[PDB]
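Take a look at the structure below.
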Amino acid sequence: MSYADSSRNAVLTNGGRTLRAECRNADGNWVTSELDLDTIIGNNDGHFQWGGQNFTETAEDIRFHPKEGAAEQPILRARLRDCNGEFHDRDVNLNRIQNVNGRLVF
């Protein structure tokens, strides 16, 4: 139930914070939806954590590929600072985010 299965034109915007896509609704029309990832993803000791917040505050080199790799997955990458102050390049698959009738929802 990844949003990506029923959405298109997904991009990361707003300083690395916001996922934007066009999301198909029950009628088969396409609705523009944004979701601020900083409301739902944190940085826990240098790792992405769903249900956390404000990952961007302790991140560098934030970027997104909507259809990455052989699996064509929506992969968000960043260098995250751990609690010892060291950066590690990390990745998280955004397929936890759903498309609920035209809206991106965690």
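Bear in mind that the values in this text are calculations on the coordinates, not laboratory data. Because the Cβ atoms are built from the backbone with ideal geometry, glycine has one as well, and the counts that use them run over all protein chains shown.
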Inset, instruction - Just need a number here: residues in the range 19-39 that are of a type in the set (A, V, I, L, M), part of a strand (DSSP E or B) and surrounded by fewer than 17 Cβ atoms within 10 Å (Cβ to Cβ). - result: 1
Legend entry - Residue list for the range 59-76, restricted to those being over 13 Å from residue 47 (Cβ atoms) and either in contact with a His (Cβ under 7 Å, 6 or more places away or on another chain) or in a strand (DSSP E or B) (or both): 60, 61, 62, 63, 64, 65, 66, 67, 68, 73, 74, 75
Legend entry - Per-region count, the range 78-97, residues in contact with a strand residue (DSSP E or B) (Cβ under 7 Å, 6 or more places away or on another chain) and surrounded by fewer than 18 Cβ atoms within 10 Å (Cβ to Cβ): 11
Legend entry - Condition broken by residue 83, with the remaining ones in (1) in a strand (DSSP E or B); (2) farther than 23 Å from residue 4 by Cα satisfied: (1)
Legend entry - Enumeration of residues in the range 50-77 that are surrounded by 12 or more Cβ atoms within 10 Å (Cβ to Cβ) and over 20 Å from residue 4 (Cα atoms): 52, 53, 54, 55, 56, 58, 59, 60
Legend entry - Options 42, 16: the member that is surrounded by 15 or more Cβ atoms within 10 Å (Cβ to Cβ), part of a loop (DSSP other than H, G, I, E, B) and touching a strand residue (DSSP E or B) at 6+ places or on another chain (Cβ under 6 Å): 16
